[PDB]
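Could you have a look at this structure, given as C-alpha cells, before my questions?
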Amino acid sequence: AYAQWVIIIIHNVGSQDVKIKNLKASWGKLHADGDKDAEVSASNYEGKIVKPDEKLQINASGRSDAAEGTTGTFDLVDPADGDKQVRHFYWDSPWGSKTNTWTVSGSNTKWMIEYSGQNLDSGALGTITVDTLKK
Amino acid sequence: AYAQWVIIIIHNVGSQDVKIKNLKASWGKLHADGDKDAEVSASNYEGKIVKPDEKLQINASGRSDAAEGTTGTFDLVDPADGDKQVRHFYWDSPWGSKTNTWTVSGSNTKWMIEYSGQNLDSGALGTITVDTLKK
Amino acid sequence: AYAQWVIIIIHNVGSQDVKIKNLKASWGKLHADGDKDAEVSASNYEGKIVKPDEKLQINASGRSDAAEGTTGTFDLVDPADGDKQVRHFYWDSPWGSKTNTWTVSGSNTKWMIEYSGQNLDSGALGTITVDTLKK
Amino acid sequence: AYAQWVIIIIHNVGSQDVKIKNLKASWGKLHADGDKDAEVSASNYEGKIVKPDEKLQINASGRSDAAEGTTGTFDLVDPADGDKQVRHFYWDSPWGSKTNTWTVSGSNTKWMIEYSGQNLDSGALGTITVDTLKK
Amino acid sequence: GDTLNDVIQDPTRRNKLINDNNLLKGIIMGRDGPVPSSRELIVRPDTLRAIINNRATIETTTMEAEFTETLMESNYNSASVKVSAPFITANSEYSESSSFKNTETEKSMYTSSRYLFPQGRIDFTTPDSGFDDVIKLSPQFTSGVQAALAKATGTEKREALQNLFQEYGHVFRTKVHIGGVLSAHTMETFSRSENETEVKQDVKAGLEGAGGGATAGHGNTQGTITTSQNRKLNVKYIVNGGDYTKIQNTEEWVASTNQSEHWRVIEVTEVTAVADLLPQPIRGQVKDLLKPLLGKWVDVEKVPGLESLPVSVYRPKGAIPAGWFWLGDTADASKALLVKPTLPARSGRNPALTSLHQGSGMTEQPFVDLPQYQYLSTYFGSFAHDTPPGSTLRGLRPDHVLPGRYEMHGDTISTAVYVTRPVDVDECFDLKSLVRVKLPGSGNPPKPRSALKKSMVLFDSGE
Amino acid sequence: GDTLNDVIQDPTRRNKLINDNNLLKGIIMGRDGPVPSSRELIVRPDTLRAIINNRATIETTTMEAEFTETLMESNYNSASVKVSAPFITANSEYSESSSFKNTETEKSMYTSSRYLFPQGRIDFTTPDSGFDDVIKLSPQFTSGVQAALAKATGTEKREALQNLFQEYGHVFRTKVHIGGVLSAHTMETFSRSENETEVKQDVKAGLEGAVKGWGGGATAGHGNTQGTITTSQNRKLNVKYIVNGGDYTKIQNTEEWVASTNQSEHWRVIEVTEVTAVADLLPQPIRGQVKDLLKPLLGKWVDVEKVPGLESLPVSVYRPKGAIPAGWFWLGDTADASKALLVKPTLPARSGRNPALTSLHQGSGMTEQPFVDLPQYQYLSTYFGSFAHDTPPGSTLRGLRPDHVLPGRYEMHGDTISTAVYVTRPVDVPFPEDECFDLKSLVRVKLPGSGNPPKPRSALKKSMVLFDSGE
C-alpha cells in the first residue's frame, strides 16, 4: 500500500560525476515526486549521470493493496574506471514486517559515502540522503 | 503506535545561532536517535541553541503500538535579538488518519527557511530536513 | 451539482513571467466564465504564461446532480531555471462534505505569493485572488 | 443558510475617502472573517471611512439551517461633498432561488466603479471585489 | 589575382574605391535610419591602410517542418418496437447515424543562403591614436564648426551645430571591410483544412389487421464537405558588392567577385563620432553643446501621507523654476534632478521631453503622450495634468534611458516598493526612483525600470 | 610548375606574396578574436627562408545513421448476457476495442571534405635565435615603444603601450605555411513522428415476451467510433564551404579550384606553426621593461592571521592581517600561515577593456557565498563566514579574469564530508612559465546551504603579477 513509502536522495557533494545503475525494485513501484500515481520505469535512471551539486531523487512506494512493502537495490558506479562499482545499496520497507533494512556494500577507497535519515524499527523507511564524494 | 514516526532535522546553514523553544508533543512521545523505546522528555530539547555547522535532530513517535499518533509544535527563535519568533512548525502523525500535516508558520524577511522530505500523502510523515538561513 | 464552484484569479503583479503546469482536476469540471454549462478542457490552460500585470481566471464546478463537488490540483512553475516549481495549489469543494479545502504548498523563497477570499466554512469554495510576485 | 454567503471587498483604488452608509441586510446575517457563527451587526460598518488603498470586508451568510438566503443593501457616499450617494449596491443570494443577484445602482459620474468575483447563477453569490476610484 | 594592394598602389583605382564607397563622407544617423552624407568630411588621403583577407565563405540552411492531425468520429443509434395481438400487429423502426472527419495540415519551408567574399579591411587613423597619418578634416567642415560656435547665443550655436551635423553626419566609418556579399532568402508557408460531416435518419411503420395492410417510409440524409487551404511564398535577394547585375545568377556573381571595380563595404567594425575628430578645446565645447538637456540639482521634501510604505517618498521641493521639469518620485532624501531642453521644438525633431496625461481609465497614473517615451517613477498621488507638480513632470526619449535594477523593499505585496538602481557597467544617475509593485486599480501603464544616462545632461554651463 | 623558390627569387612576386599575406604585420589579440594589424611591424626583407612541400591531400568522410521504432497495441473486450422465462426473454451485448500505433524515425547525415594543397613554409628569424639574418623592427614601432617608456608616470607608460599594441598587434607569425585549402561540410537531420489511435464501442439490447397472444418485442442499439492520426516531420540541411588560398571564385567548383592551386598569385597562409610575442622582438633592456609593464596586477606579501572559530575543521584558516592597504585587494582564505597575497590593478577602467579584477556580491538565495559580478571570472577560495559586500574584509575580496588562472589540484583534509576542505595546490609543469602561486587556497567541498556557486579549482599565474615594482 501507499502507506509504505521511501524517498532516496543522491546528493553529489563531490567534484566528479556519479552514474546510477541496476535500479531494481523487488517490491513496490518507482513513482514521481508528490504524485504516487505517476509510476516511472527503472530505465528513467539506469545509467543516469549526476553532476556535482545535483540531487537525484528516486521515490518508491508499495502499490495500493500490494501488501508487499517496498524493496529493491541500486548501484552507484564511477563513470570513469570502467563503470566501477562505487556502492551497492539495498533497501527494504516490508509491509508484513515492522523492521526495515537499509544496507551498504561495495569496496571503493576512491569514494567517500555518507547516508542518513532511514527508519529501521517500525513503519516506512523514510527519506534517505546519500552524499557521494570522489576522494 | 511506532508506525507513526517523524524526524525533525533542523540544519542551520547561516552563521548565526537559532534556539528551540515551545517544543512540546501533544500526542505520541519523543525518543532518542534510532531507538523508539528509549523515550526522552522534551526538557532535553527545550531552549537548546543550534550553531551554524551543527544539526539538531528530534525523534518523535506514537505510544508503543498503542494505536496512538504523534503530534507537537515548536518555535525557532533568535537568541541574538532576544528570542523573537522565527518560525512555528507543526507536525502530526495521527493513528486515525493516514494523512499527515507539516505546516510552517511565522513571518520574517530577516530570516529564510527551506524544507524537504515531507510526505503528507500517506504513511509516516518522514524525516524532513529544514535548512535555516538568517539572510 | 453547480452549487459547489471555485474561481481562481492568478494575478501576476510581479515583473517576471509565471507558468501553470500539472492542472489535473479529479472532481468537477472546468468551465468558462459566467456559464457553467460551457465546459472547457484542461488543455486550455496547460502551459499558459501569465505575463506581468495579467490575470488568469480558471473556473471549476461540479456537474448538476453529480453530488461530487469539485476537486483538483495545479502547480505554478517559474519558466526560468528549467520550469522550477513555485507553488502547489490544491482545492476541494466536496458535495457530501460540508467543508472545503484550499491548500498551498511548496518552498520557493524566490517567489513571494499571497491570496485571499477563500471561504471554507460552508458551501462552494468561492472566488480566490492569488497574488504572485517573483523576487 | 450557510450554503449562501457573500464576501464584499470595497477596495479604494483611488485617492479620496469613500464612506459606507445605510448598510442593511434583510435575509441572513452579517458574520465576521471566516467564522460564519460570529454574528456581527451593522454598527461596526455603518458610517465608516474607507481610506485610499485600504480594503473593507463585509461577510454575510444565511442563518444556520434556516432555509433562508442572504439579502442586503449598502450605499457608498462621498464625504467631501455632503455624503452624496456615490452608488447603491444590492446583493441577494436567496435560499429559494438558485439565481443570485448583485446590482450596482445609483449614478455619480465623479466616481468610477468596477467589480469582479460575483457568481450569480448557482450556489453562493461568491466573493466580490469592488474597486472604487474618484475621478 | 588583384587584391586591395593593387588597387591602393594605383591612384585611379584607389580613388575609384574611395569615391564609390563614400569613404570620405560620414553617415547621417537620421530619424529614419543611417544614410551617407553627400559632403566630404575628411581630406582625401594619399594612401590607405589595409590588410588582405580572401577567406570566402558560402553557407546555406534549409528547414522544413510539416504537421498533420486527422480526427474522425461516428455514431449510430437504432431502436425497434413491436406489438401483436391475434387481431393486430404494429411495428416501428428508427435508425440514425452521424459521421465527422477533420484534417488540419501545416507546412513550413525556410531557405537562407549567404555568399561572403571578402577582400580586406581599410583603416583610418583617428586623432586619439596619436599617429602621424591621422585623417584631416575638410577645411569647410572646420569652418562650419567655427561659425556655429561663433554665434551670439548658445541656442544659435546649438542650432548651427545641428544643421552642420545633419549635412556632414554624426558618425564616421574608421574601419571598413571591403568585398562582396550576396544573400538569398525563401519562406514558404502552407495550411489546408478539410472537414466532412454526414448525418442520416430513417423511420418505418406499418400495420396489419382483420384482412388489411398498409405501408409508409421516410428517408432523410444530410452531407457537408468544407475545404480550405492557403499558401504563401516570399523570396528576397540582396546584393552588396560584386556584379549586382548578376544577383540572380549566383554563379556569375561569384565569378565577378575578383573584379575590383565592384568591391563594396560589407561591414563596419569601427565607427567614430564626428565630434571626436575635432581638436580638443573645440571637441569638448561641441560635445557639451550637443547634450539634449541642461541639469540642476535641487532640494527634496517628503510627500507625507505614505505611511504604509517601506520608504519615504521625495519630490522636488519648492516650485520648479521657469522652464524646468522634474523626472519623477525618488527615494533619495537630499537631492533631485531638474532638466530643461536645449533645442527648441521644430518640425521633424523628436523632443527630449514628452508631456504626461492622466491615464485612460481605472488608473490614477500618468501616461506618456509621445508613444515610445519613458518616465522613471510610479506616481505616488493623484496625477494632475493641469496643476503643479504634475504640470512640470516629464518623460524621456528612449535614447536617454537604460534599464536599471530593482531593490525591493517591504514585507508584503500591497506594501512593497522598488527602488531602481543604475546597473554599474554608459553611466546613469542613481536617482533612486520609486516604483510600486502592486498598483491599485487596473489598466495601469507598464512599470518604469529605466534610469537616466549621465551623458545627456549638461550641468553648470551658466544656463 | 612554379614553386615558392620561383616566387621568392623574383622581387615582384616575392613582394606580392609578402603583401597579400600581411607577413610584415602583426596580429591583434582583441577579445573579439585575432585580426591582422594594418601597421607594418618589421622591415621588408630582401629575401625569405622557405622550404617546398607539395604533398596535396583530399579527405572525404561521410556518416549516415537511421533509427526507426514502431509500437503497436490493441485490446478487445466482449460481454454477452441472456435471461429467459416462459413469458419473457432478454438480451444484451457489449463489444469494445482499442488500437494504437506509434512510429518514430530519426536520420542523420554529415559529409566533411578537406582539400589541402600546400606549397611550403616561410620562416622569419627571431632575435633570440642569434642568427645574422633577423627581422628588423620598423623604426616607427621602436619610436613608439621609446615614447611609451618615456612617459612620466607608470600608468601613462602602460596606457601608451596598450595603444601601441592595439595598433601594431600582440603577436607576430614567425613560421607560416603557404598554399591553399578548401573545405566543405554538410549536415542533414530528419525526424518523423506518426501516431494513430482508434476506439470502438458497440452496445446492443433486446426484450421479447408474450401471453395469450398479446405478444411484443423491443430492440435497442448504440455504437461509437473515434479515430486520430497525428503526423509530424522535420528536416534541417546546412551546407558550408570555406576557401583559403587558390582561386576563391572557384569555391563552388572543386575541380577548377584544384586546377587553380598551382597559380602563385593565389597562394595564402593556411596555418601558423610558430607565433612570437611582439614584445619578444625588442632589445633586452627594453624587452624586460615592456614585459613588466604589461603585467595586469601588482603583488605584495602580507602577514596573515588565523580566523578564530572554525575549531571543527582539520586545517587552520588564515586571512590577511590588518586592513588591506588602500587600492589593494585580497584573493581568498588560505592555509598558508606564513603569508598571503595582495594585488592591485595596473590599468584603469576604460571602454572596451575587460578588468583584471571583478567585485563579489552576497548570494541571491540560500547561500552566504560570494558570486562574481562578471560572468566568466573566478575566485580561488570559499568564504568561511558571512560574506559582507560592503564591509571589510569582504569588501576587498576580488575575483580574477579567466586568463589569469589555471586549473589546480585539490588536497583533501578531514575524515568526514561534513568537514572535508581542500587545499588547492598548483599543477606542476616542466615549463617554468605557466607556473602558478602556491597560495594554498581553501575550498570546502560541502557547503551547508543550497544554490551555492561552483567549487573553486584554480590558482593564480605568476606571469600576471608584478612584485617590487616600487609602486
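Every chain is named by a letter (A, B, C, D, E and F) in the order it is written, and numbering of its residues begins at 1.
The rule we apply is simple: a residue touches a chain if its C-beta (ideal position, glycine included) is under 8 Å from a C-beta of that chain, and two chains touch if they have at least 3 such contacts.
Visitor: Could you compare the number of C-beta pairs in contact for C-F with that for A-F and name the larger?
Guide: Of C-F and A-F, it is A-F that has more C-beta pairs in contact.
Visitor: Please pick, from C-D or B-C, the pair whose interface repeats that of A-B, with more than half of the contact pairs identical by residue number.
Guide: Repeat interface, by the over-half criterion: C-D.
Visitor: Please tell me the distance, in whole Å, between the geometric centres of subunit A and subunit E computed from their C-alpha atoms.
Guide: 52
Visitor: Approximately how many whole Å separate the CA-defined centres of subunit E and subunit F?
Guide: Roughly 30 Å separates the two chain centres.
Visitor: Between subunit B and subunit F, what distance separates the C-alpha centroids? Give it in angstrom.
Guide: Centre separation, subunit B to subunit F: 47 Å.
Visitor: Among all residues of subunit C, which ones touch two or more of the remaining chains?
Guide: In subunit C, residues 109 touch at least two other chains, as defined above.
Visitor: Give me the residue numbers in subunit F that touch at least two other chains, ranges are fine.
Guide: 365-366, 418
Visitor: Show me the residue ranges of subunit B that touch subunit A in the complex, using the header's touch definition.
Guide: 1-5, 7, 9, 34-36, 61, 98, 116-117, 119, 121-124, 126-129
Visitor: For a test of understanding, state which residues of subunit E touch subunit F in their complex under the given definition.
Guide: 1, 3, 5, 49-86, 117, 121, 123, 129-131, 251, 254-258
Visitor: Can you tell me which positions in subunit E touch subunit D when the two form their complex?
Guide: The contact residues of subunit E facing subunit D are 308, 361-362, 364, 381-382, 414, 440-442.
Visitor: What residues of subunit C sit close enough to touch subunit B in their complex?
Guide: On the subunit C side, the touching residues are 105, 107, 109.
Visitor: Looking at the complex, which residues from subunit F come into contact with subunit A?
Guide: Interface residues on subunit F, with respect to subunit A: 410, 412, 416-418, 420, 445-446, 452, 454-455, 457.
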